[PDB]
Structures are given as structure tokens and as C-alpha cells.
Amino acid sequence: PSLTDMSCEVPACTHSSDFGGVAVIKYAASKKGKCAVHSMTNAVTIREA
Amino acid sequence: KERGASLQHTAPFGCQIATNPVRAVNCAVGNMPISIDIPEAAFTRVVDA
């Protein structure tokens, strides 16, 4: 699947060292399927793969 | 025969004076610091609200 027209908003962020930040990404998916979320910077790490 | 007016009729700040035991009730003077320790169970995260 390919996603477009997507935006991101962070309701809460706390550098607490136990995944204290949570983000919501609104997406328009081309079709049902499985994708892999990855952060493009080293400073933040994502719990889910 | 010559008591005059008691405290409950002359006290400032609208205090109500009572006996047995002697009490002063509802004196609208000054202010009150209140400190509340609230458990984590009472809070709701922003993403759930």
C-alpha cells in the first residue's frame, strides 16, 4: 500500500525514557495492507514496527 | 439586666458565635491554602479524551 495526504499531531510528549510521547498520524491508504513505520532520525525511537 | 449585645450580634466578618464548646463559625476573613494529592487513576490521557 501507498499512503498520501497524511499529517501528524503529537497530543503529548514527555522525555521520560519509557515511550512518553504519543503521536497520531492521519493517513489516506491506497488499499488494505501492512506497512512498516520507521523514524528517519536517531533522536526519537518508535515502539511499534 | 444590662448585658448589652452578645458576640453573635456584634462580631465582625459575620462570624457566628456558639457555645458548648465555644465556637466561631463562618468568618469570611483571609484565605485557605488547599493541597490535593490526586492518584493517577483519576486522570485521562489526552489521546483518550
# chains A, B, ... in the order shown; residues from 1 in each chain; ligands from 1
$ closest_atom_pairs --of "chain B" --to "chain A" --cutoff "12 Å" --atoms "only C-alpha atoms" --output "Markdown table"
| residue | atom | partner | partner_atom | distance |
| --- | --- | --- | --- | --- |
| B:45 | CA | A:12 | CA | 8.5 |
| B:46 | CA | A:11 | CA | 6.2 |
| B:47 | CA | A:11 | CA | 6.5 |
| B:48 | CA | A:11 | CA | 10.1 |
| B:49 | CA | A:11 | CA | 10.4 |
$ select_by_dssp --residues "chain A" --states "strand (DSSP E)" --output "PDB file with C-alpha atoms, in the first residue's frame"
ATOM      1  CA  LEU A   3      -0.211   6.428   1.660  1.00  0.00           C
ATOM      2  CA  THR A   4      -0.711  10.095   0.772  1.00  0.00           C
ATOM      3  CA  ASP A   5      -2.401  13.214   2.162  1.00  0.00           C
ATOM      4  CA  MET A   6      -1.077  12.320   5.611  1.00  0.00           C
ATOM      5  CA  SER A   7      -0.470  14.572   8.615  1.00  0.00           C
ATOM      6  CA  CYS A   8       0.835  14.136  12.152  1.00  0.00           C
ATOM      7  CA  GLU A   9      -0.033  15.614  15.546  1.00  0.00           C
ATOM      8  CA  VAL A  10       1.518  14.955  18.956  1.00  0.00           C
ATOM      9  CA  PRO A  11      -1.059  15.268  21.758  1.00  0.00           C
ATOM     10  CA  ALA A  12       1.591  14.589  24.405  1.00  0.00           C
ATOM     11  CA  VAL A  22       2.431   9.570  21.563  1.00  0.00           C
ATOM     12  CA  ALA A  23       1.680  10.722  18.017  1.00  0.00           C
ATOM     13  CA  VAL A  24      -1.408  10.402  15.812  1.00  0.00           C
ATOM     14  CA  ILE A  25      -0.904  10.187  12.045  1.00  0.00           C
ATOM     15  CA  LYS A  26      -3.879  10.717   9.742  1.00  0.00           C
ATOM     16  CA  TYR A  27      -3.463   8.794   6.504  1.00  0.00           C
ATOM     17  CA  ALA A  28      -5.266   8.051   3.246  1.00  0.00           C
ATOM     18  CA  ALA A  29      -4.292   4.492   2.328  1.00  0.00           C
TER      19      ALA A  29
END
$ select_by_dssp --residues "chain B" --states "alpha helix (DSSP H)" --output "MDAnalysis selection string"
chainID B and resid 7:10
$ write_last_selection --atoms "C-alpha atoms" --output "mmCIF file, in the first residue's frame"
data_model
loop_
_atom_site.group_PDB
_atom_site.id
_atom_site.type_symbol
_atom_site.label_atom_id
_atom_site.label_comp_id
_atom_site.auth_asym_id
_atom_site.auth_seq_id
_atom_site.Cartn_x
_atom_site.Cartn_y
_atom_site.Cartn_z
ATOM 1 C CA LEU B 7 -20.803 38.465 70.135
ATOM 2 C CA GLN B 8 -23.086 36.644 67.706
ATOM 3 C CA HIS B 9 -24.792 40.003 67.116
ATOM 4 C CA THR B 10 -21.681 42.233 67.086
#
$ atom_distance --atom1 "atom CA of residue B:15" --atom2 "atom CA of residue B:33"
20.3 Å
$ atom_distance --atom1 "atom CA of residue A:21" --atom2 "atom CA of residue A:46"
9.3 Å
$ atom_distance --atom1 "atom CA of residue A:17" --atom2 "atom CA of residue A:45"
10.2 Å
$ residues_around --residues "residue A:48" --least-positions-apart "6" --cutoff "10 Å" --atoms "only C-alpha atoms" --output "list in words"
residues 36, 37 and 38 of chain A
$ write_last_selection --atoms "N, CA, C and O atoms" --output "mmCIF file, in the first residue's frame"
data_model
loop_
_atom_site.group_PDB
_atom_site.id
_atom_site.type_symbol
_atom_site.label_atom_id
_atom_site.label_comp_id
_atom_site.auth_asym_id
_atom_site.auth_seq_id
_atom_site.Cartn_x
_atom_site.Cartn_y
_atom_site.Cartn_z
ATOM 1 N N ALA A 36 5.378 -0.574 7.434
ATOM 2 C CA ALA A 36 6.383 -0.567 8.491
ATOM 3 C C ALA A 36 6.785 0.864 8.802
ATOM 4 O O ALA A 36 7.430 1.520 7.980
ATOM 5 N N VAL A 37 6.431 1.332 9.996
ATOM 6 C CA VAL A 37 6.739 2.683 10.449
ATOM 7 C C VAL A 37 8.171 2.718 10.959
ATOM 8 O O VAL A 37 8.597 1.825 11.703
ATOM 9 N N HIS A 38 8.916 3.745 10.559
ATOM 10 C CA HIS A 38 10.296 3.910 10.987
ATOM 11 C C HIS A 38 10.588 5.395 11.129
ATOM 12 O O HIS A 38 10.081 6.208 10.352
#
